[PDB]
Amino acid sequence: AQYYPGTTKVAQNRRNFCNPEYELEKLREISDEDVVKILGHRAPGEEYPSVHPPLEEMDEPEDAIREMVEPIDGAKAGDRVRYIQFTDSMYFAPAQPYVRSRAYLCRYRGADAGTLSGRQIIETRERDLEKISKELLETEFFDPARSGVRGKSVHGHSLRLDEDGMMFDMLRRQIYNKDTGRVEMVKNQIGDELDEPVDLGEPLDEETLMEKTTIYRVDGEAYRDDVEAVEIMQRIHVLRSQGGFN
Amino acid sequence: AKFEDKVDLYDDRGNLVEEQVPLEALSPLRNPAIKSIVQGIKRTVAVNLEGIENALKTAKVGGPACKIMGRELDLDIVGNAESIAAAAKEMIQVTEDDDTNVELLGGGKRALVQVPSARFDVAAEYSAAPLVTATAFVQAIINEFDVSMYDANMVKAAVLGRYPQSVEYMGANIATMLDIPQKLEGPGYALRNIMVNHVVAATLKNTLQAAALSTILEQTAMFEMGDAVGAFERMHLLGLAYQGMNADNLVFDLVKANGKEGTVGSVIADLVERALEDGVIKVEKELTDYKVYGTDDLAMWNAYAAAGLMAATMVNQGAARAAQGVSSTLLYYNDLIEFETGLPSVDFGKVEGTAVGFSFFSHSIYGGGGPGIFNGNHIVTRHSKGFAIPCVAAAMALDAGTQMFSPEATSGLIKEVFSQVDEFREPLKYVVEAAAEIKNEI
Amino acid sequence: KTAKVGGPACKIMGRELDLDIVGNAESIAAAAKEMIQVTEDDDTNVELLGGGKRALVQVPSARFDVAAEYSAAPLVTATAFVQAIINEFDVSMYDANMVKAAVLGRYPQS
Amino acid sequence: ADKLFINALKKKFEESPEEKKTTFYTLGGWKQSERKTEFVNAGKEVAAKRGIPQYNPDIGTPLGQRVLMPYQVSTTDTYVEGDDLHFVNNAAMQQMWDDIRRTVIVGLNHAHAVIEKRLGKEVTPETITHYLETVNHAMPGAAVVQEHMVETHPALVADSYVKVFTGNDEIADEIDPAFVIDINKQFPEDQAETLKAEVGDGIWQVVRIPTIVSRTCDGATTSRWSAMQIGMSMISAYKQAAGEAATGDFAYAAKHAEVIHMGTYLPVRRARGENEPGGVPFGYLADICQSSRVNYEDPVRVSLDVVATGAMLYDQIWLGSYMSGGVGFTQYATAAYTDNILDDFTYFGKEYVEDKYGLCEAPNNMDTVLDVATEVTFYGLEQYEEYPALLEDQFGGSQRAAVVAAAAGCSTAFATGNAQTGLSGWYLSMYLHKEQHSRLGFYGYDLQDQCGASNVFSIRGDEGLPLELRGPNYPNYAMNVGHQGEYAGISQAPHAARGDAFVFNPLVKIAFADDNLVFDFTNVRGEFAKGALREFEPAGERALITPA
Amino acid sequence: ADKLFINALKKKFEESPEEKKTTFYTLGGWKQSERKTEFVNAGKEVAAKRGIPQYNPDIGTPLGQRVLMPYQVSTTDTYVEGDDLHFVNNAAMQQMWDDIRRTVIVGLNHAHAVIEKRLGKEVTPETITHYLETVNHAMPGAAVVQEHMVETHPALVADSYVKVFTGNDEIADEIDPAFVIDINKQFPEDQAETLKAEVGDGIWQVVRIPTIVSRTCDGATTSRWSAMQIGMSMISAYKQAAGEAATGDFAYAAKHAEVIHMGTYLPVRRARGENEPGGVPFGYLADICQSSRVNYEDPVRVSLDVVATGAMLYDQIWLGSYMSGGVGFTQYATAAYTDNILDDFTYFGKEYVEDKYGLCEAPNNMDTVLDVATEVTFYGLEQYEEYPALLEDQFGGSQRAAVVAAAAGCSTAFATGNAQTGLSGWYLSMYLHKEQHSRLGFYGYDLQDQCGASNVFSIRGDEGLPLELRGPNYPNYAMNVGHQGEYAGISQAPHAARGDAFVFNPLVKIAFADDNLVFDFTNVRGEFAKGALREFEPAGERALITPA
Ligand code: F43
Ligand SMILES: C[C@@H](OP(=O)(O)O)[C@H](NC(=O)CCCCCCS)C(=O)O
Ligand SMILES: O=S(=O)(O)CCS
Ligand SMILES: O=S(=O)(O)CCS
Ligand SMILES: [Mg+2]
Ligand SMILES: [Mg+2]
Ligand SMILES: [Mg+2]
Ligand SMILES: [Mg+2]
Ligand SMILES: [Mg+2]
Ligand SMILES: [Mg+2]
Ligand SMILES: [Zn+2]
């Protein structure tokens, strides 16, 4: 698959996030328990609640499509559908909102992804969400200064950074530690205090942010100079226009 | 034939039934099984005799939480269902051997009623089905019990609700798959105002059958609205065949190849490869490490991409067994395929646009609700001309119990009655058989 | 020709189109009839009146036996005449919406 | 004792009410009236200020060739010129309608179930009180989640809030009393029993959006505004993602699956959304009026307080403005709530029935309709013949047709305990009055009157309905003054005689049992008098945001 | 000179506008704000007086972790917090909608034909003036025929009146000029001649009913109220029987055959009658705004005064309240009429088009769409990248999408002189923006945007329509913020560049050229600033009839 036109670093990074054969760079190590604490849906050692009974308990009629499509593990179990939501700074965060939804529907099964300017969300069955969330938090999808895990009060994608290089957060969930140079998560994604903070590692430096970003800007790579990507967008506009007429 | 195209038709198990069928043998304007389904849905009513009896006994008539103290009437309606239904049938029929059907279900608690086709051929629209059914049952219950002139208006309130003070039959104990003609968003919309959960209930959650019923209703409305007239007719017919009828086994084979481990993106790669293999698209231009595809047949590219969109929904919401992500699949299948190819998405962006607003109105405070309460007449999901709603019916067929407003919640009376009708429950079978029967008349 | 479309006293300056519809009525009506009908020689009728100023149109009964109601008559007739006018004069993509407005009005805003 | 209308007739005219002759033409036209003189002087100042002629007494014909009367508001000692009962000039009447238009009832039952099943979270009296503090901040137009929100001025929206009620005393007693419509406190014991049984363990919100927004906008805004701010307060209070798929089930419940509108939408010729007067059924108007929980030992006072509520809303604001406009229909409605005239007639009929049959003990049949509705019709008509000043007061035939038939129909329903025979009595009164005086109402008054007998007991599609379920959109009733508020009184009459706590919807009845309303629904006629005197304080004004 | 938004960015923040860094969390939350502080105090007073908690700054999350900004109202020197631009807190915004809702245009052409043919009476300027004196007594709610009428207080209904206009100058000059909208006084010469040619010898009334009635009732009351008092005044002034068969032809003509509503009625899911915001087509909204007859030398100023008119009405009152409610949609609309931001982008695009093509001289085709809309889209988006204070000001992506695409679509239409290619440039702007920043608006913002390109030139039943005929009920546009008022600007843009007197209806354009309106439609953004400062005086208040 080709994924996206263009000759910039931004274009290649858009293709790499979509391409499931591309190995996402792992930047930081987070424990399973700390992924669960950041998600905020259940406590460590609490059983997965259910929304319906396990599929093997239900008596379903013959359906060739259900027989051909393997359910994800949390669907077999009857787990709740829960979420994880991220906000990405327009000052060169590595992932950005459409890039996330496009990549999530290439990489992940059974995924409900939503894109907005100030938040981007994925909803799926709980145990599967925990496995995907580890990859979203440990790899280059995430930078702990220019991205935020936020289930409410998302403001900050379009704000000026603070003096530490951190994006604004009305609820201050991610705190930069001047003594380590590392960010700690001190609250879960909905804003409740964690018993113990989670280390999220060091923010990426300016050179590496520029290497990995998928936003176009005049002070990075401008979209108007990626003339092959702009050609394809204008072609889609004209073809949709002509098709709708005759 | 006006069009040269032929398609191969399959059953819901992926077996071939009929090869090389002219496309127009599937048109709602020619196929006699589509005519029988549409006339059937115009004339079918579900009557809840238990519900009428309980509303009378409690005087709970006229809508939610309403009651008139001192109006209670205790009538043994379900105990005398057989005589009440026969008396109703004699007023509903036009002649004794016509196509009137009145059939008791559930020990007499429900009745399936099909008002004679004849009453429709001399009617403007379809409201004779609930109105002739309701008066025949009101009069049969009054006559069964000799209900007095002073009390009979309560039987009317228990059957048809607060109508005509309300515009709808608010509180009625009868149901139809259609809704009143005043609620149409535009003229020609009535076969679109059929809740997704009612199509899923009627087809017993069989994924391919729910997708076929929904597509037959949507694309038949596109003819009634004039969208499928002249330049656009072939696009609509190919959509019906490939997205709703599994033409060429394309939907089935995409799901077979991507069902175990696939994603929306893997289904897209397969569909682009199949379109290239069949000559539907070809490389027009090379940019830097990127092939720009072109087509000399926009309607067929649109049809192939529509079959992929249906497969992608089945793979994505089938894997989660949860219907809510159909709004995301409808968005990103189309957004991804345009940047994958340089060609326009299904319905030239209108599926993608419908999915943007449907995602908002199924994940926000402002209105909408879960996928099952939408329909082709709902303001959020009317915009694509037949290529979006069938995927929502496949997704709801595949949901294992994640919805509060599930078909068991909204559509139990419609399930009990309308799933009895073979052509409503298993339409793919009957429309295929009819297309084979008329294949040499095209 | 006056750009007076969309209801009483309405006009869009600059949108005028000067098309000889009445002078080419025969060809436009034939073209519309071929879209309206379901099969050749069915019960579709398209007849000019008034030296081509008016047309009687009877949409084929069969379209109604597969419809819920009756709006297929104005909607199939409108679109067949809109498409036949555009095709008679090769009206461009940029101007054809004014033919639609002149035939069916301010629908669907109204 | 004097008939009940004698004191008002003695205040209106110098003659005793029995006298047959008077003198006209010597009162100086409009100059006899305080209010007309106010209006002449104000028209001259308006016309000069704006540069366009306006109110001028010398246009058209000269009012006041006869006495321009004062009216007693019935059950009060307040006498006012009729201009002070026009809805434009009476802020109590405008606020009565604003308080209905801005209210919707919204269940918490489906919402609590979405929280327990979909989210796996608990609901308790504690999580409910926390939610009510949140929605009482949000509902008037203030923010709970986003940064950099701009908000309504709290003092402009001080009339908007959310309360709850439930039939479960143990929940209702535990929530802050500030948020609860307490059924045991507001209703006498037997009615409280009946209402708590109908509600059971259900918990319902009564949402009142701001009068300034209802006035800027329309009735169909209320349930949307309500659902937006319930949706925000469910997010804030229950820790959802602020916009996840489960959020949509709270929207659907709040807008569609567990909402009660005050009125349903209307057909295109009289197109209107929900919560407009034409969509409010007669049984809901009777249950909105709160006289039934205060005046329950007097079924005439409860029924006539409902007639006042409905005559004013349905004839003056709805038919006199929404469906027509201009000078309008003040006195078509004042006939039914002034000078104690309908009261005299209805007290006569109640006594006739209580002595002959006993309340609600007459057979529910046509023999009882013929007996009671004819006896009471002849009583009312005889009063106009015996008291020339009464006939000059209710000078239009439509006014007299509505008052006489209201008393006949209410009295028939007090005999049978059933509103449908009360309605047949109302039509029979019309037919008898038309033959007795060789006139009835205005040109078009008895459209519904002549269809009336045949449609009372019909069961056909757009004909058959119990009177409690009919309303201003029942076909025969859609156009004409002098009927709708009286039908709400007939709907109330058998239920007041039975001692029933409500007429058609127990949730509507409880939803107005609330002293935080701006209008006092327990005393509708008292309120009308306060507004006529320019003593009622409405909500909605812009004084705080405009210059001194 | 500086970009037009620089002064406002220097007022809002301490940093220069290009600076990438700032400091948060130090301003005391709400306590930094004069308006929030007024609100906290008022919430305390409201809750204490009524006994129910209300506004409380500690519910939910704490506003003002960042600067709570003032906003410049574009074209003015007025800076206010955005709460002063919420429609509930701004009397000028409420009056702008009341002045549209309470207006209807009603021909006299059929009426004069009925008088000459059926009644056999002559019509002249003198008879027209006598009828206008009569209807300006009657229209606010006063009587001309019957005895013992009760009437509206003239000072509560001072804003109601009837004027006329005609394209025949000598007939115009013979009617009393207190009643005449003088086309040659209100329009510059070339536009006056265009408008008078459209009207010809036709004679039309502009009827404005009372704001207090519009607020009590709804938009569908306006043409009925107008027709009742036109009917009484035709009876009085032409000496009919007061209610004969011919009386019904005046009613049918005033309510149906010669009426122009401001809005058409809506379908049942969003049921509303006539004269509600969703029925007002984009071309009529451009015609109601009067900037075209005052600022005709500057097509950017005319187009963006229409965008301000429509963004406030369609997003704040209509989508943010009638179709939703709560805190609502103030800043989705203010983005299009504050800080001179859309002004800077649209002047750039106008200059670009002037240099490359000349106004109205570009080919009306897709090559012009691709050239202009892409250039202007990249200029706007570069501004947010070059100025971090600009991006933090228009912090929501939907606000940026609406502002950038409005400048691109207006500049495309300045080039082609055709609104349809303007509209195609709006959609291409959204597609380019989405790919540049990997984001566009809120969850649901580009429903119409993705349907957009294919529906611009479609000719199908519910797809195909010139942009001037589309409005908030065009199916793809029926739900979402950030589009409708910008489409009204795009509809105005080509006609301002061509110097056309109107966009879609010349009767609507003349009907608002009238300084007896309460809001000044020649200077919409000036009026919004006057209301934000609490300096605007609305009609419709009840002070005269409530306690001192
Ligand atoms: C709960 C939702 C989901 C929903 O259905 N509506 C919400 C909330 C709702 C509330 C917020 C009021 C409150 O705080 O109590 C109101 C005011 C509507 C109402 N009920 O009165 C609103 N949004 Ni929203 N909403 C807005 C916006 C936005 C932007 C904000 C992005 C940012 O970075 O700040 C994003 C969508 C996007 O990402 O593009 C957004 C989301 C959301 N919007 C998320 C909450 C986001 C969060 O958790 O912080 N709105 C805007 O982009 C600007 C205009 C602004 C609206 C208020 C105004 O116009 O003045 C407000 C319009
Ligand atoms: C979709 C529809 O709601 P329902 O799905 O019918 O509840 C509709 N609301 C809206 O369109 C809300 C639009 C205003 C709020 C969002 C603006 S982006 C309405 O209430 O008629
Ligand atoms: O005289 S009419 O009966 O037409 C009107 C009475 S208000
Ligand atoms: O977050 S959502 O896009 O659903 C609402 C934006 S106001
Ligand atoms: Mg590990
Ligand atoms: Mg190569
Ligand atoms: Mg009180
Ligand atoms: Mg009081
Ligand atoms: Mg350049
Ligand atoms: Mg002025
Ligand atoms: Zn109003």
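Note that chain E carries Swiss-Prot numbering, so the residues on display, from first to last, are 2-549.
Recorded method is X-ray crystallography, 1.5 Å.
Just so it is clear, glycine is given a Cβ too, placed from its N, Cα and C backbone atoms.
Annotation source Swiss-Prot lists coenzyme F430 binding site at E:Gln147. Taken from Swiss-Prot, the feature coenzyme B binding site covers E:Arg225, E:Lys256, E:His257, E:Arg270. If you look up Swiss-Prot, you'll see E:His257 marked as pros-methylhistidine. Under the heading 5-methylarginine, Swiss-Prot lists E:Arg271, citing experimental evidence as support. Annotation source Swiss-Prot lists coenzyme M binding site at E:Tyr333, E:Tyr444. Taken from Swiss-Prot, the feature 2-methylglutamine applies to E:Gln400, supported by experimental evidence. According to Swiss-Prot, the 1-thioglycine annotation covers E:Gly445. Annotation source Swiss-Prot lists (Z)-2,3-didehydroaspartate at E:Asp450, citing experimental evidence. Feature annotation from Swiss-Prot assigns S-methylcysteine to E:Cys452; the stated evidence is experimental evidence.
Features recorded in Swiss-Prot, as mapped to the structure shown.
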{"residue": "E:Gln147", "record": "coenzyme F430 binding site", "Cβ neighbours (10 Å)": "13"}
{"residue": "E:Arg225", "record": "coenzyme B binding site", "Cβ neighbours (10 Å)": "23"}
{"residue": "E:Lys256", "record": "coenzyme B binding site", "Cβ neighbours (10 Å)": "18"}
{"residue": "E:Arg270", "record": "coenzyme B binding site", "Cβ neighbours (10 Å)": "15"}
{"residue": "E:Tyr333", "record": "coenzyme M binding site", "Cβ neighbours (10 Å)": "25"}
{"residue": "E:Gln400", "record": "2-methylglutamine", "Cβ neighbours (10 Å)": "24"}
{"residue": "E:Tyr444", "record": "coenzyme M binding site", "Cβ neighbours (10 Å)": "25"}
{"residue": "E:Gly445", "record": "1-thioglycine", "Cβ neighbours (10 Å)": "26"}
{"residue": "E:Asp450", "record": "(Z)-2,3-didehydroaspartate", "Cβ neighbours (10 Å)": "27"}
{"residue": "E:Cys452", "record": "S-methylcysteine", "Cβ neighbours (10 Å)": "30"}
Cβ neighbour count (within 10 Å, all chains shown) around the residue listed as '5-methylarginine': 20
In sequence order, those recorded positions of E:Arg270, E:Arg271, E:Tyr333, E:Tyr444, E:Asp450 whose CB lies under 6 Å from ligand 4: E:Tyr444
Recorded positions (E:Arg225, E:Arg270, E:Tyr444, E:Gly445, E:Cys452) in Cβ proximity to chain B, threshold under 8 Å: E:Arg270, E:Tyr444, E:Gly445, E:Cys452
Number of other Cβ atoms within 10 Å of the Cβ of E:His257 (coenzyme B binding site) across all protein chains: 10
Between E:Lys256 (coenzyme B binding site) and E:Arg271 (5-methylarginine): CA-CA distance (Å): 23
Minimum Cα separation from E:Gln147 (coenzyme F430 binding site), reported as the residue among binding-site residues E:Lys256, E:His257, E:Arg270, E:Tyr333, E:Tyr444 that achieves it: E:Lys256
Binding-site residues near chain C, Cβ-Cβ under 8 Å, from E:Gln147, E:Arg225, E:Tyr444: none
Residue pair E:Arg270 (coenzyme B binding site), E:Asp450 ((Z)-2,3-didehydroaspartate) - Cα distance, angstrom, rounded: 22
For coenzyme B: widest Cα to Cα gap among E:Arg225, E:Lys256, E:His257, E:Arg270 in Å: 25
Distance-selected binding-site residues near ligand 10 (C-beta under 6 Å), from E:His257, E:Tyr333, E:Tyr444: none
Candidates E:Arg225, E:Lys256, E:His257, E:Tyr444, namely the binding-site residues, that fall within 10 Å of E:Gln400 (2-methylglutamine) by Cα distance: none
Proximal residue to E:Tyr444 (coenzyme M binding site) among recorded positions E:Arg225, E:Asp450, E:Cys452 (C-alpha distance): E:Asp450
Inter-residue Cα distance where the pair is E:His257 (coenzyme B binding site) and the residue listed as 'S-methylcysteine', in Å: 35
Rounded distance in angstrom between the Cα atoms of E:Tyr333 (coenzyme M binding site) and the residue listed as '1-thioglycine': 14
Pairwise CA distance, E:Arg225 (coenzyme B binding site) versus E:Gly445 (1-thioglycine), rounded so that it is a whole Å: 38
Assigned element (helix, strand, coil) containing E:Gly445 (1-thioglycine), judged by DSSP: coil
Length of the line joining the Cα atoms of the residue listed as '1-thioglycine' and E:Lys256 (coenzyme B binding site), in Å: 39
Chain A, Cβ under 8 Å: which of the binding-site residues E:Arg225, E:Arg270, E:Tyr444 qualify: E:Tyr444
Sites among the binding-site residues E:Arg225, E:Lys256, E:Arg270, E:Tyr333 close to chain D [C-beta, under 8 Å]: E:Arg225
Local backbone state of E:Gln147 (coenzyme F430 binding site), from DSSP in three classes: coil
Neighbourhood of ligand 1 - recorded positions from E:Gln147, E:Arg270, E:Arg271, E:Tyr333, E:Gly445 with Cβ under 6 Å: E:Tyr333
Inter-residue Cα distance where the pair is E:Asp450 ((Z)-2,3-didehydroaspartate) and E:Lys256 (coenzyme B binding site), in Å: 38
Residues among the recorded positions E:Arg225, E:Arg270, E:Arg271 that border ligand 2 - Cβ under 6 angstroms, in sequence order: E:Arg270, E:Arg271
